[PDB]
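Read through the structure below, which is laid out as structure tokens, and then see the notes.
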Amino acid sequence: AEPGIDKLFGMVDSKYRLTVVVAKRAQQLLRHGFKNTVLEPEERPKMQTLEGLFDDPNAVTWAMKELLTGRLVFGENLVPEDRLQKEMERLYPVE
Amino acid sequence: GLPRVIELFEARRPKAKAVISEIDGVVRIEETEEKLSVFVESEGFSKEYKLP
Amino acid sequence: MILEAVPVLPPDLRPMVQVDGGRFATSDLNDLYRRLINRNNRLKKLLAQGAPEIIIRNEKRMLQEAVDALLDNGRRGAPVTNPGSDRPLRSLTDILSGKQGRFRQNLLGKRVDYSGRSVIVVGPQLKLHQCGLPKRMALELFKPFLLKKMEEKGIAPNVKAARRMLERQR
Amino acid sequence: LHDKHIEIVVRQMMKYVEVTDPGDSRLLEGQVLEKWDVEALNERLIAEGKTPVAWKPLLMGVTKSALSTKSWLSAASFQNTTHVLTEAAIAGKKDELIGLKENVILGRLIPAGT
Amino acid sequence: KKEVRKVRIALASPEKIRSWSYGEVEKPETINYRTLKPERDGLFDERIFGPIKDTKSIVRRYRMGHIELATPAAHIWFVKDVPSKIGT
Amino acid sequence: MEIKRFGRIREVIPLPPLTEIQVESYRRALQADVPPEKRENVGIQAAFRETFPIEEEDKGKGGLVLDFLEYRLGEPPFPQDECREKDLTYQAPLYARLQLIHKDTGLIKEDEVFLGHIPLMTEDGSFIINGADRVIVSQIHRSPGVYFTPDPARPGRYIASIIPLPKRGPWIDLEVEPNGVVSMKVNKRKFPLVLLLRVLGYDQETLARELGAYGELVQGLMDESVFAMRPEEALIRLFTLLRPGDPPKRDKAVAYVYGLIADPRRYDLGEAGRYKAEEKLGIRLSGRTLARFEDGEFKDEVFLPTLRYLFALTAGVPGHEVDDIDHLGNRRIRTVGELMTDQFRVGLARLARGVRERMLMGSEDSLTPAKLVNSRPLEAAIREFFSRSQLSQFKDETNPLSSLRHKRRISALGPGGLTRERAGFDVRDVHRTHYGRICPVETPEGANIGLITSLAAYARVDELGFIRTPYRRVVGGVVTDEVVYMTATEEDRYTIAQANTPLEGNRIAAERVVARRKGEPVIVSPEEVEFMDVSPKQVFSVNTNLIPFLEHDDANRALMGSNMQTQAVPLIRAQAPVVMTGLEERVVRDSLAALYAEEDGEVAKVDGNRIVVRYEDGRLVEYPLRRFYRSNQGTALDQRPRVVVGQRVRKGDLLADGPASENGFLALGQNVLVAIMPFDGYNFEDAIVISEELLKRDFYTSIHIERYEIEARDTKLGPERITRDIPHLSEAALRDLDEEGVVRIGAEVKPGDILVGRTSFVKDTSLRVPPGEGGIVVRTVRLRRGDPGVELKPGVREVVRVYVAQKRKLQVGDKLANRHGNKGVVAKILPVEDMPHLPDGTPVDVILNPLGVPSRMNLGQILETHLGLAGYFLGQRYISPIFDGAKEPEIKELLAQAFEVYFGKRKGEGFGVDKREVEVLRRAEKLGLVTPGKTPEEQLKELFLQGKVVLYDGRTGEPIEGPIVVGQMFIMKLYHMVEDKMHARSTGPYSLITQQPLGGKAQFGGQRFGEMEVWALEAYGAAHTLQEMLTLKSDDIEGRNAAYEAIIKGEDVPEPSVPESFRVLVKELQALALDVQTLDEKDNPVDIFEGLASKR
Amino acid sequence: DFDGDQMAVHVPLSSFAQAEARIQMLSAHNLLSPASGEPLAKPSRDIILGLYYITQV
Ligand SMILES: [Mg+2]
């Protein structure tokens, strides 16, 4: 079903924490434009009829893959939300 | 069958109830024709149990 | 502990909907509110006009009975609307209770729009990780996403030209 | 079936005891045991002065045990919101947001899941 | 911004009735069949409740007035209760 | 296709006509069919005599004697066909002749009043209420008599009881409390019975002489000698026992109330109470119930027998005096005509009330015609019973067999007093008396299991809801062909021998034979049976007897198959089973699907819609032929033209076979060659795998008929014109709506196509094609204001009806099942190119998953598999009585015959065995299935006699390891009811009071979400998905449309608010004296209405 | 079974809602019985029979 689900499980303290993390990352990709990715360039989700999956046919796979990478850091309470969103909005013109 | 568990969850009086030992002693039955008189007898007293 | 300043429901809460041609369908609360107002009004009048003590106690009884009926119909007699139906108006108690009442209604919310139901057939080819779906249902279901994409494509000029494009099987 | 389930079932069904020694309140009162040892700690541990809340644990019909409930929301569920709320109002009632039902009517997230 | 963690049931003072009440309705005038606007300050007066038009009528559905009985009234429940709380 | 019938049982009598029950009930209900002077008085005349005689004798001026003489109604005002075209009800106007007398000289006699326009029973039995016809249903109850049961608490002593109906009326209860109490309760209050006996004319001395003659408790009535010396005074003391605040001086005031008409039951004098009286307790029944008022004194030939009974059963054994509650013999049945007549009597009683008031208000005697007569009350009452009574409903128009079964089946429930829903466990079990009386396999499974069943096929009601069944008289060692329809109670009196017993004619063929002494297996000599089972057929209802090999199948699914037999949809192609029971001819005979030639004659003309026949009598009559007629469910209705012009047809000769008859034979569904084998996954549990050919051939299809309708109204905002106008945008789709408002006929329809044009306030408001599927336009009806005989409802400016047809072929999702019970749904049709095929190119039609049969208990199905496989090469049919029919010996005989045929022609082809055959035969030897060393020819022949043979794959073409049994199985397509259609709506309408989505006619509609579903969601951590469901997909119009638009632009959906139903309930709480405050983590109010509640 | 009964279907919509549905409501994710620890994906009659037949001697 999902690659490295055991690995992500090990890196994730609770299954529901992994769920929340994945969903937060996916909605991040969505809201600020899909460019909110860290492993996109070289390896990337890719479609079948074309390479359309490089963009966002299904974000959740993107979040899972980035989680398989150590690129993202998810804190249950890691940063003040106001400044995190503010810096996301300054540094992402992908909108 | 099922009504067993039904009342098992609702604290009730089982119809076919079995007299339990009110005391922690020995048992001494009187085999009286009409109804037995089984007593939980211990070094202080015997508890009546009139068995139909 | 007793009632002397009875708040008056917000307007739409007991809706008056125009059925057609001029008839009005009103939530029965108003049918009782009106009577209450009349009650209190004549009470004021007689207290200004004169003190027929038997009479005064009469209007007091009608006032209190109207109050109670507004709180609950049927507890003392069965007040109903004007001639035409012997159906006691749904009181506050009636609205808040009953086998299909406010408690029954609020907690459940039995209706989902993006829902469907029909017969099934085995998917021996299908893996449990997937499901066997006749397209023609997902069609109506994802009309939103379908228009989204086919505007994402050149399929229709606009989302609504898309609506028109997709409203016909032909 | 693993016996865990029945463990929960019984531990929940028989979670009330009835006082026999009044402390702050009357002895003749049968309600949440955990409430009761918490009160005992309060009165003798937290409170000095050993006012004992003597009780006997209550064997209660599970139907009754549910009916013997705290929140007025669920209590007002079936029988009569009229009378239930009668008590809920006679005394300043403070129903904590505990239990899935009342949490649901409010539409608030059940504590479980996420 | 607070999340509700408790609910509280309590009785109401007629002063409290006013504490929320947006005026009082005093003559039960829903609407004239010609003029389908809330006829008076009656059971649907826009001002007592809120703007009928877009804050839209939600405030009407939430803002509530009161009605003052010259003769006080008794909550039917508190007596009709099988234990009549007042009578006890 | 010669018919090989195997069962050899001499049916002394044939099957009687099925549905008379509903005819006679109505037919017997109305004696008006014959001269009113005809003795038949049930129904009409009984109600007249009961309620017609309205007397005001002494009230001011009295002498009002309005007496009935003659009634009659003989006219259906409009034809049944018109009664459908217009929604008119087939009735007859009944005139009741009445003459008025008064204490004064002069007899005003207003003869005829059309009092009652009572619907007339259709030939089938249904009645035309409004355009369409309904059908009444009968029921069961306690036979009104005298019955005895030991005291529920007091086991040593029992009690007796008398049950008068209707319910209003005292319920006689008798018990003896030996402490000095003789307790009889009429409705509630006890009364020492002996006082009443003395009131009646009975003296204590004689009461003891002839009562205490044998018994001991007689002294319990001599004790009250204080009231035993005042006989007529005892009556006033009785009324003193009554404490209504009324004067005891009333000679027979309440005595009449306890006489014959009102409280005492009017059950037929002689058996309805007398049989219960004559037989159980008491001898003669002078008057149906206890009544004597001619001389002030009373006669009651029951209570003295009832007390003699109590004495006997309490003290001695004058008989086996104990009445069973659940035994069928004391449990009676109710007819439709009885309902006609009792609602009739209610109407007459109400009319008597009004005429009574009016006569006294009527100053002069010139008041008989109108001032005494007004038909409004009872007329509307009859309308209420035939329309507002829930008993009668739609008629089962699935298939003629379905209809007949529905029309000859009785239930227990009804008005409720007979028996309501919550207590049937004891009744649900099949009483012993059901034998030859009730088929216990025909009952509807489910909540109403044991509630409804078709009677024994041969069993019939003798007089009064009492089944008697044929039984072969058996005298000594000689059986008599004479058949006696025995009463259930009388049945216990003898020893009924089974029909399976061999005989040499009228004499048995076995000394030791089982018989039914009293519902037990009694293995006795032939001389110990008084009657022998006429046939297994009598044991069951009609629907039971249509599955051939019941002898090897379980009842659990026998009931399933018998039931599914009703849901069969007549097909385009009607086939008869390869193996039959033998009644299909009688089936299509009693069931009027096909046409039958009255007598000998010849064909004058046979046109697609008519047939003029010319009989040998020198006459000729033509009969129009039903080409396409819609059912209650929208199917075809045709009598297949079966006779050529100038074709000599004899009496009773089938003329045009009904919609589901092959050749005067039951023919629905089809016979298909089938092989049982576990295929990959398309025969999973009960899934059926079909080859393509049955679609290439026109082999499973039917026409479904859809009947839409709309109307224009005259709204006070403006009448809703039925027009062609769609104001706003497009005219292109309006071409289809050819005429203005109405559409052109004979066209295909796509979903969403305009059906009827119209505009509200102008605002476009018109009919369109319902989502789903519409076929081709066939018919229209246009009843505008020009109502010729139609009454368009108020506001309805006009009405219009539309008929579409869709030739529904069998498709992927369809469902099929066999007669022998096994059911299933088509799983897939496979391209016949690769599907398994015989050594002969001929492949099978269907492959089943065998795993079903073992769990099921039904071997008759596989037996039929063998039989049909044989008949395949034999090209001929068979008749198998359920148990007396074919035997496996003849099975193997036909197996050898058919194998010889098949492989002798194989040999003539120049080909014997193939290497594939030899290898498979070797492997069968390996499994021992074929004797090693036997010829591949001979061992293949034995395999054939095994009913299994070799097979080739088709995809890999390989032969199939393991021989497989196959055959021509007569499989039916069940009712593919509406649940089959997709109910899949995404967006559309919502409710008025609430915002829960609800579409329907416009859009499919939101699916029921239920509660336990939310419980499952709760099991998962489905927090925001459930939030979405209940807010974005349940109630929130604003949120749901916001998500709509977010999806439209494809962005992240918005945040649901606090549940607004929650806030509404908060406002409700505040509305009453209750005040509700939300609390913070610490005790502090937290506001839900951010600024919408705080004043200012 | 396949006796005629028809099933229903709905859909989670929100990205988080869909994520949660796929995560802990996937059948491929929901293998063992949580009621009791038995697996609820027990192989069916046809496959069981096939493997027993293949592995028999
Ligand atoms: Mg099923």
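Residue numbers (the deposited numbering), protein chains in the order written: chain A, 2 to 96; chain B, 1255 to 1306; chain C, 512 to 681; chain D, 1363 to 1476; chain E, 2 to 55, 81 to 114; chain F, 1 to 761, 785 to 1119; chain G, 739 to 795.
By construction, the Cβ of each residue, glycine as well, lies at the ideal position given by its N, Cα and C atoms.
Minimum C-alpha distance to residue i - residue among the options
{"i": "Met880(F)", "options": "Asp81(F), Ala558(F), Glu57(F)", "result": "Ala558(F)"}
{"i": "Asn1064(F)", "options": "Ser538(C), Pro655(C), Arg546(C)", "result": "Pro655(C)"}
{"i": "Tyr615(F)", "options": "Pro170(F), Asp600(F), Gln834(F)", "result": "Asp600(F)"}
{"i": "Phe239(F)", "options": "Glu271(F), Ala412(F), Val199(F), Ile333(F)", "result": "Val199(F)"}
{"i": "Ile1283(B)", "options": "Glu1276(B), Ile1277(B), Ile1274(B), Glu1295(B)", "result": "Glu1295(B)"}
{"i": "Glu43(A)", "options": "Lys66(A), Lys87(A), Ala24(A), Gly34(A)", "result": "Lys66(A)"}
{"i": "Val876(F)", "options": "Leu197(F), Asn841(F), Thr1017(F)", "result": "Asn841(F)"}
{"i": "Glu56(F)", "options": "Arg49(F), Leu666(F), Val65(F)", "result": "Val65(F)"}
{"i": "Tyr17(A)", "options": "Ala1094(F), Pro1082(F), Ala1045(F), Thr1101(F)", "result": "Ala1045(F)"}
{"i": "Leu618(C)", "options": "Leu1115(F), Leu367(F), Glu1083(F)", "result": "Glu1083(F)"}
Alpha-carbon spacing of residue i relative to residue j, whole angstroms
{"i": "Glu662(C)", "j": "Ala672(C)", "result": "9 Å"}
{"i": "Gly62(F)", "j": "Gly296(F)", "result": "23 Å"}
{"i": "residue 1360(D)", "j": "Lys1412(D)", "result": "There is simply no residue 1360(D) to check, as chain D begins at 1363 and stops at 1476 in what is shown."}
{"i": "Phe293(F)", "j": "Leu285(F)", "result": "16 Å"}
{"i": "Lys38(E)", "j": "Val519(C)", "result": "18 Å"}
{"i": "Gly169(F)", "j": "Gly106(F)", "result": "38 Å"}
{"i": "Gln969(F)", "j": "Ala423(F)", "result": "50 Å"}
{"i": "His552(F)", "j": "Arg134(F)", "result": "39 Å"}
{"i": "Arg586(C)", "j": "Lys106(E)", "result": "8 Å"}
{"i": "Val1292(B)", "j": "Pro1268(B)", "result": "21 Å"}
{"i": "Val848(F)", "j": "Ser661(F)", "result": "24 Å"}
{"i": "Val749(F)", "j": "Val827(F)", "result": "9 Å"}
Cross-strand partners of residue i (DSSP beta bridge)
{"i": "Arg1282(B)", "result": "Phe1293(B)"}
{"i": "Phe740(G)", "result": "Partner(s): none; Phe740(G) has no beta bridge."}
{"i": "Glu821(F)", "result": "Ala712(F)"}
{"i": "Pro1108(F)", "result": "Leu1102(F)"}
{"i": "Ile611(F)", "result": "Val606(F), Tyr623(F)"}
Extent of the continuous beta strand (DSSP E) run through residue i
{"i": "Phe993(F)", "result": "987 to 996"}
{"i": "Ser626(C)", "result": "626 to 630"}
{"i": "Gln920(F)", "result": "That residue, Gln920(F), is in no beta strand (DSSP E); its alpha helix (DSSP H) goes 911 to 931."}
{"i": "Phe148(F)", "result": "146 to 150"}
{"i": "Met527(C)", "result": "527 to 529"}
Span of the alpha helix (DSSP H), counted from its first residue to its last, around residue i
{"i": "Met184(F)", "result": "No alpha helix (DSSP H) contains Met184(F), which is instead part of the beta strand (DSSP E) from 181 to 185."}
{"i": "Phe386(F)", "result": "Run containing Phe386(F): none; DSSP gives neither H nor E here."}
{"i": "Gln565(F)", "result": "Element bounds for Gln565(F): n/a, residue is neither H nor E."}
Original post:
Can you list, in chain order, the residues of the region 1390 to 1422 of chain D whose Cβ is nearer than 8 Å to any Cβ on chain B?
Top reply: Result list: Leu1421, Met1422.
**OP:** Note down, in chain order, all residues in the region 1069 to 1097 of chain F with a beta-carbon under 9 Å from any beta-carbon belonging to chain D.
**Re:** Residues passing the 9 Å Cβ filter: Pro1079, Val1081, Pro1082, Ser1084, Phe1085, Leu1088, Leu1092, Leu1095, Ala1096, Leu1097.
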